[PDB]
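# Close look at the chain arrangement
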Amino acid sequence: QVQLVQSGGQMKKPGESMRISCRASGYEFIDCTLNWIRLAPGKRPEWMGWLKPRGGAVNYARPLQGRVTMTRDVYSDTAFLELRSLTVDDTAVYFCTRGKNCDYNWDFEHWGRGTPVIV
Amino acid sequence: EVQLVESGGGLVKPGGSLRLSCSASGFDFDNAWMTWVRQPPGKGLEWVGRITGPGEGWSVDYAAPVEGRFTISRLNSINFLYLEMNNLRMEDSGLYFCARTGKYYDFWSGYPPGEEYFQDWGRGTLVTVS
Amino acid sequence: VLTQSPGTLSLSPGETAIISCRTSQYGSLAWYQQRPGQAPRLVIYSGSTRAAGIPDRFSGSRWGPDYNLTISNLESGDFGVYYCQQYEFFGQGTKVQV
Amino acid sequence: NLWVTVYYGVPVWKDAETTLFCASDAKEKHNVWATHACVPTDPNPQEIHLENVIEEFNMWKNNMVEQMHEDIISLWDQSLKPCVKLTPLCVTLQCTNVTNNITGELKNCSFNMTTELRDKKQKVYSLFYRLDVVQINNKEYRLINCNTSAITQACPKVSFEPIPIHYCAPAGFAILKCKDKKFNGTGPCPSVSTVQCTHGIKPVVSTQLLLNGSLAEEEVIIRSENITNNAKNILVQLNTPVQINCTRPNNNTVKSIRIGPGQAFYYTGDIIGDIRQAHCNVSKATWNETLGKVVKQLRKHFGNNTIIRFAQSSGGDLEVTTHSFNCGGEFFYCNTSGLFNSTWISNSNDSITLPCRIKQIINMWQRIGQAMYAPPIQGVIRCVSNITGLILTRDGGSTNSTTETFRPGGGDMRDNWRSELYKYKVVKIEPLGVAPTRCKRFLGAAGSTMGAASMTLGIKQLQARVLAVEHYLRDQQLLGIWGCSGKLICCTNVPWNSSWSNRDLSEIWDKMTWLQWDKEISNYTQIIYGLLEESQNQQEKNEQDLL
Amino acid sequence: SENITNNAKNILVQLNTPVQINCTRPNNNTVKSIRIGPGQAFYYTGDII
Ligand SMILES: *[C@@H]1O[C@H](CO)[C@@H](O[C@@H]2O[C@H](CO)[C@@H](O[C@@H]3O[C@H](CO)[C@@H](O)[C@H](O[C@H]4O[C@H](CO)[C@@H](O)[C@H](O)[C@@H]4O)[C@@H]3O)[C@H](O)[C@H]2NC(C)=O)[C@H](O)[C@H]1NC(C)=O
Ligand SMILES: *[C@@H]1O[C@H](CO)[C@@H](O[C@@H]2O[C@H](CO)[C@@H](O[C@@H]3O[C@H](CO)[C@@H](O)[C@H](O)[C@@H]3O)[C@H](O)[C@H]2NC(C)=O)[C@H](O)[C@H]1NC(C)=O
Ligand SMILES: *[C@@H]1O[C@H](CO)[C@@H](O)[C@H](O)[C@H]1NC(C)=O
Ligand SMILES: *[C@@H]1O[C@H](CO)[C@@H](O)[C@H](O)[C@H]1NC(C)=O
Ligand SMILES: *[C@@H]1O[C@H](CO)[C@@H](O)[C@H](O)[C@H]1NC(C)=O
Ligand SMILES: *[C@@H]1O[C@H](CO)[C@@H](O)[C@H](O)[C@H]1NC(C)=O
Ligand SMILES: *[C@@H]1O[C@H](CO)[C@@H](O)[C@H](O)[C@H]1NC(C)=O
Ligand SMILES: *[C@@H]1O[C@H](CO)[C@@H](O)[C@H](O)[C@H]1NC(C)=O
Ligand SMILES: *[C@@H]1O[C@H](CO)[C@@H](O)[C@H](O)[C@H]1NC(C)=O
Ligand SMILES: *[C@@H]1O[C@H](CO)[C@@H](O)[C@H](O)[C@H]1NC(C)=O
Ligand SMILES: *[C@@H]1O[C@H](CO)[C@@H](O)[C@H](O)[C@H]1NC(C)=O
Ligand SMILES: *[C@@H]1O[C@H](CO)[C@@H](O)[C@H](O)[C@H]1NC(C)=O
Ligand SMILES: *[C@@H]1O[C@H](CO)[C@@H](O)[C@H](O)[C@H]1NC(C)=O
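Residues numbered from 1 in each chain as written, not as in the entry; some residues may be left out. Chains lettered and ligands numbered in written order. Part of a larger assembly, values for the part shown. Heavy atoms only, no water.

- Where the PDB entry is consulted, chain E appears under the name Envelope glycoprotein gp160, with the organism given as Human immunodeficiency virus 1.
- Its official PDB title, as written in the record, is "BG505 MD39.3 Env gp151 MPER nanodisc in complex with 10E8, BG18 and VRC01 Fabs (1x 10E8 Fab)".

- Per the PDB entry, chain D goes by the name Envelope glycoprotein gp160 and belongs to Human immunodeficiency virus 1.
- Among the UniProt annotations of chain D, the heading Sequence similarities (unreviewed entry) holds the following wording: "Belongs to the HIV-1 env protein family." (UniProt positions renumbered as here; feature names shortened; annotations may be inferred.)

Here it is, written out as structure tokens:
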């Protein structure tokens, strides 16, 4: 049993900032990597970054460096994504994903429900 | 078709040791006894030694320069003629040959131990000391 | 780095759907399906291996850098949007319709 | 024609995971990394260079690193177990800034504390760093790890200095080591040697830069499970050290109070001189040259026209974003934004000063609900150490950028010891073998063909010795049932089936090594073990020896 | 049983046919978590909805 309970759904204006959350369950949150993915209709799915708990190490995608931040609460097992400045191009549904077998991160077997964000 | 694939030996300091093997298949290794000879590169063949027949003593006889230097053994279970060459000098070199010695004798001109002959040899294996 | 076959592919139920994804880089390639209004699923992983719970109809691979996914005998649950991942990348995304 | 012959002592090894015992040198039994139970080491380790043989190593998947990580954590917890608990220290602190007397890292933080008797309390003035102290909601604070976890004091006499620790395999196992100078962690190694114990590995704890350890021999070596993968950390090993001096200027006087029967709480009493700031020095020219070498190596794995950019860490907690290490008993966290600040285009005596903060509340190998209080060390501290490695991470995610950004990253602590155990692979020894032969009743020369080889030839330690004993008897048990009470070689009465991979016996004993032969008949091995069982020896020993 | 006629000795009866038994606690308990000390947390029934 692996379940990523994602939370958000907030309508935002351009120029403002957004934050959404992803609570992990079933698997031990500390020893497995998380990734953040964005899906926009008619556009390429862009991988935004990954977060490793046990140190909270972060790797942000190059197009979004300086605008995206990913942090976490180990005790609530909850990863948090934040975008400092949205635009019209940020209209998309955001997914908190996990590798099928973290040993190899890039097999997104487990996905969240999806968080639409409209700008 | 008695294939005698002998493969072993190589570069080594003036003092040292090494271990040559002489396989054999296609005849009766169990009693026919075998010999080693050395041919230094700027020289002809020179006789080294030969195991004696199993049941014919099973002993070895070294040569005039080689006595006290080499040692010959046979594992007939696996048809392998090993030669340990140790306490090396510089003249020790060449395409060391392993061949299947024979026993030849006849009356009239009889004289112990008679003579032997080297019919089926191997291809060769280069050994050179530095 | 990654390209795909046309994104307006339209087939009725029952036929075989061929989805081609060309990849420039080396790496394990996975295939994802997205249903309308639901999160994507991992359909193929490591190029040729099906995910758990996926029927045998989803299969296909190619030695060279041109992977082909074959979807035989489409049902009503198919006809989503298909993506091809290689590490971070996902490609254009091709829809399958009726 | 050919008969199965049982050879015992064949040089055939198979990979494996087992238990390994520490073996130190001599030992004040006050080292945090000493179990005072590790057998003396070998003054002359029996390192046996092999003949020509290729061995496929994989440093990313061996169990030596996982076992070492588990051992290190267990050892640290064992050291911390008999020390003060500091439960009554989680109190409301009324803190004021440490000022210039005329004009915020340090805080005074007066508070009430328990004493020897439960009916009395004492007022104690201390000094805690801002990192250790978290504000509640009237200038009232607490220690950072109070609302979660529980902070345990390190015993004052315990020293955190790294000590060399050798890891020795039990009897019946060996440790192969790759001596190939350019070996990059994975794949074939033509130059293999065998040992019983690894060299002394200091359990040095560091996050971005690997300190001390062992250096490369020829040039800087880049290692990655997949260099193109954005999630795997890139381990850089330097062929030359870069000296990193570090200091804690503060002339810091420690005072101690009794907080319970047989317990004493150690805390910074005060500072005599100017407060100043902890810092590290790295030689500027040497660091620039080292980065030049690292760029030269990185350009081989990527395109030769790629601009290689070094930047600071992009995020994470204080252990990851800052170079975290131990020095003289204190725990330094240095920014290192001055070391990785550059772009490198594809074609004196100054020192780079890194600010560093000091943290007393420590959580190493980050665990939910555990922490340590590192007591302050009196006086000024200085260290001198060699940076011998780096841990880098690529950003990625863009195709047209043409530039690759390498940021430092702590990642996991295991990545430290992967830089030290990359050479080693543990191998189970399987001395038994079978071969066809015309008779019917050390690990050297592994690279030498058969035939030539024939004539040429605390609690962890207890489980370890016992296993070997069992394994020994197991082999003897087999030799018991095969009618071979002797040793080394025995002929047996089971004929060689032609289906068991037959080369006719001229080649197998001339051209083929023992390992290759074992690979040839591995899948069939249980068949011959079945036929050599006492089914044969019932015909040979029960039917024929009842006179 | 051990000697059967002996009292003070439990008689174990093993059934060939299982008998389904189903239990329930029909109370929609709202559970709260409270911290009693560093790390340690105490779980108690907060309310009944
Ligand atoms: C990488 O290796 C280097 C070189 O070994 C290492 O630096 C060394 O650190 C140790 C530990 O701090 C130093 O030893 C100390 O030196 C002074 C000498 O005056 C003393 O103050 C110390 O003794 C006090 O502390 C002991 C407890 O550790 C007590 O038992 C003792 O009574 C004293 O209170 C202690 O001996 C050593 O001098 C340096 N080496 C050099 C050349 O400066 C470095 O720490 C290693 N890297 C890492 C990250 O640890
Ligand atoms: C990065 O990861 C990849 C995949 O995990 C590592 O292996 C690479 O895998 C591909 C196939 O996916 C290999 O392709 C091979 O290429 C030639 C074409 O002539 C041929 O020998 C094979 O049929 C096969 O198609 C690729 O060679 C292989 N890479 C290597 C270096 O062997 C890859 O090694 C990883 N990258 C590293 C370590 O830098
Ligand atoms: C400590 O310094 C900070 C930063 O200047 C200031 O905001 C704060 O008020 C100071 N605290 C006290 C108690 O003076
Ligand atoms: C902390 O406060 C006490 C109060 O008596 C004072 O004596 C001490 O000097 C203060 N510490 C510093 C560093 O100013
Ligand atoms: C310590 O306890 C006394 C009890 O009278 C109280 O007045 C004082 O404010 C307390 N001090 C702190 C720093 O909490
Ligand atoms: C309380 O602990 C939580 C983790 O359980 C932490 O996120 C939070 O910051 C702590 N509270 C304060 C006031 O710092
Ligand atoms: C380095 O690893 C590669 C595979 O990534 C391997 O082919 C190569 O042999 C390794 N280098 C050495 C010297 O073994
Ligand atoms: C470290 O200090 C020593 C003297 O203790 C000095 O010789 C050396 O240059 C210093 N290292 C650096 C990088 O400045
Ligand atoms: C480092 O060396 C490079 C050439 O290798 C040079 O361009 C660069 O300016 C140097 N950097 C510093 C900080 O001295
Ligand atoms: C290191 O210094 C830079 C200077 O810009 C600063 O932004 C950064 O926050 C510092 N690092 C930490 C961990 O505070
Ligand atoms: C700290 O100051 C005291 C003042 O008495 C002095 O004796 C001591 O030597 C100083 N310590 C150092 C390490 O300079
Ligand atoms: C740094 O490396 C050099 C060269 O191997 C060595 O001599 C020196 O002792 C090392 N420094 C320390 C502090 O261990
Ligand atoms: C069990 O049943 C047998 C008959 O099947 C009977 O003879 C025996 O006494 C019983 N065992 C007891 C009473 O322990």
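This is not the end of the story, as more comes after the structure.
### With respect to the overall build of chain D
- Within chain D one finds 10 helices and 35 strands.
- In terms of overall dimensions, chain D is more spread out than a globule: its C-alpha atoms have a radius of gyration of 30 Å, far above the 24 Å expected for 547 residues.
- By principal-axis analysis of the C-alpha atoms, chain D measures approximately 105 × 70 × 40 Å.
- Counting all 547 residues of chain D, 51% fall into the buried class.
- Of the accessible surface of chain D, which amounts to about 25900 Å², a share of 49% is contributed by carbon and sulfur atoms. (Helix = DSSP H or I, 4+ residues; strand = E, 2+ residues; numbered from the N terminus. Rg over C-alpha atoms; globule rule 2.2 N^0.38 Å. Buried < 20%, exposed > 50% of the residue type's maximum accessible area, 1.4 Å probe, protein only. Areas by Shrake-Rupley, 256 points an atom, 1.4 Å probe, with all protein chains shown as cover.)

### Points about the overall build of chain E
- The helix and strand tally for chain E stands at 0 helices and 2 strands.
- With the C-alpha coordinates aligned to their principal axes, the bounding extent of chain E is approximately 55 × 30 × 15 Å.
- Sorting the 49 residues of chain E into buried and exposed places 2% on the buried side.
- When the accessible surface of chain E is split by element, carbon and sulfur atoms take 51% of a total near 5100 Å².

### What about the sheet that holds strand β9 (residues 97–101) of chain B?
All names here are of chain B.
- One open sheet accounts for 5 strands, arranged β5-β4-β3-β9-β10; its pairing is antiparallel. At either margin of the open sheet sits one strand with a lone partner, and together these are β5 (60–61) and β10 (118–121).
- Relative to strand β4 (residues 46–51), strand β3 (residues 35–38) runs antiparallel, the two being bridged by 4 bridges. Bridge pairing in β4 places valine 37 opposite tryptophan 47. (Pairing = 2+ DSSP bridges.)

### Some points on the interface of chain A and chain C
- With 16 residues of chain A at the interface, the matching set in chain C holds 17 residues.
- In total, about 1500 Å² of surface goes out of reach between chain A and chain C, with carbon and sulfur atoms giving 58% of it.
- Linking chain A to chain C there are 0 salt bridges.
- Run the count over chain A and chain C and you get 2 residue pairs in polar contact.
- Across the side of chain A that touches chain C, the residue classes break down as 9 nonpolar, 1 polar and 6 charged. (Contact = heavy atoms within 4.5 Å. Buried area = accessible area lost by both parts, 1.4 Å probe. Salt bridge = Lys/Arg side-chain N within 4 Å of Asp/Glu carboxyl O. Polar contact = N/O pair within 3.5 Å; in protein donor to acceptor, adjacent residues only side chain to side chain. Nonpolar A, V, L, I, M, F, W, Y, C, P; charged D, E, K, R; others polar.)

### Considerations on the sheet that holds strand β2 (residues 13–15) of chain D
Residues and elements named next belong to chain D.
- Read across the sheet, 5 strands follow the order β2-β33-β15-β17-β4 without closing on themselves; strand pairing throughout is antiparallel. The sheet is open, and its two borders are formed by β2 and β4 (48–49), each paired with just one other strand.
- The pairing of strand β15 (residues 173–178) with strand β33 (residues 424–429) spans 5 bridges and is classified as antiparallel. Directly across from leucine 176, in β33, lies its bridge partner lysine 425.

### Focus on the interface of chain D and chain A
- Of the residues lining the interface, 28 residues belong to chain D; the matching set on chain A comes to 22 residues.
- Buried surface at the junction of chain D and chain A, both sides included, amounts to about 2000 Å², of which 46% is carbon and sulfur.
- Counting across the chain D and chain A interface gives 2 salt bridges.
- Take the side of chain D that touches chain A: its biggest share by element is 4 residues, from strand β32 (residues 403–408) of chain D.
- For the side of chain D that touches chain A, the per-class residue count stands at 4 nonpolar, 17 polar and 7 charged.

### Brief notes about the site of ligand 7
All names here are of chain D.
- As a matter of local geometry, ligand 7 sits amid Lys182, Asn184, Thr186 and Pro188.
- Here an oxygen atom of ligand 7 sits 2.3 Å away from a polar atom, N or O, in the side chain of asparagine 184.
- Here ligand 7 has 360 Å² of accessible area as a free molecule, and 46% of this is covered by the chains.
- Its residues placed into classes, the shell around ligand 7 shows 1 nonpolar, 2 polar and 1 charged. (Near = heavy atom within 4 Å.)

### Details of helix α8 (residues 514–521) of chain D
All names here are of chain D.
- Buried residues of α8: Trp514, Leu515, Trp517 and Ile521, and no others. Along the long axis of α8, the arc covered by the buried residues comes to 160°, so they all point the same way.
- On the buried face of α8, the contacting elements are β1 (3–8), β2, β34 (432–437), α5 (452–456), α7 (508–511) and α9 (525–531). (Arc of directions from axis to C-beta.)

### Considerations on the side chain of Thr393(D)
- Along the chain, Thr393(D) turns up in strand β31 (residues 382–394).
- According to the relative accessible area criterion, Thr393(D) is buried, its value standing at 9%.
- In terms of polar contacts, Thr393(D) uses its side chain to reach the side chain of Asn233(D), at 3.2 Å.
- For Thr393(D), the contacting residues outside a window of four places in its chain are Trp50(A), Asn230(D), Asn233(D), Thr405(D), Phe406(D), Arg407(D) and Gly409(D).

### Digging into the state of the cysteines
All names here are of chain D.
- Taken as a whole and assessed by the stated rule, the structure comprises 15 disulfides over all chains.
- The partner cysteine of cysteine 90 in its disulfide is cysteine 146, sulfur to sulfur 2.0 Å. With the S-S dihedral at roughly -95°, the linkage between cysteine 90 and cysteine 146 falls on the left-handed side. (Disulfide = S-S within 2.5 Å.)

### What to know about the nonpolar core
- By size, the foremost hydrophobic cluster in this structure holds 44 residues, and its most contacted members are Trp287(D), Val294(D), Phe310(D) and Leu392(D).
- It is strand β20 (residues 234–247) of chain D that contributes the most residues to this core, 6 residues altogether.
- In terms of nonpolar packing, the next biggest core, distinct from the first, is built from 40 residues, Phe108(A), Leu29(C), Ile71(C) and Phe89(C) among them. (Core = buried A, V, L, I, M, F, W, Y, C linked by side-chain atoms within 4.5 Å.)

### Here's the deal with the pattern of salt bridges
All names here are of chain D.
- Counting across every chain of the model gives 36 salt bridges over all chains.
- For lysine 182, the salt bridge goes to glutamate 219, with nearest N and O atoms at 2.9 Å. Here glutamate 219 lies in the loop between β18 (209–211) and β19 (221–223) and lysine 182 lies in the loop between β15 and β16 (186–189), a separation of 37 residues in the sequence.
- Its relative accessible area of 24% is what places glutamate 219 among the partly exposed residues.

### Structural notes on a nonpolar patch on the surface
Residue and element names in this part refer to chain E.
- Judged by side-chain polarity, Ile11, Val13, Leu15 and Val19 come together as a nonpolar surface patch covering roughly 460 Å² of accessible area.
- On the secondary structure map, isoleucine 11 appears in the segment before β1 (29–35).
- Exposure remark for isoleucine 11: the relative accessible area of 57% places this residue in the exposed category. (Patch = residues over 30% accessible without salt bridge, like charges linked within 9 Å, V, L, I, M, F, W, Y side chains within 5 Å.)

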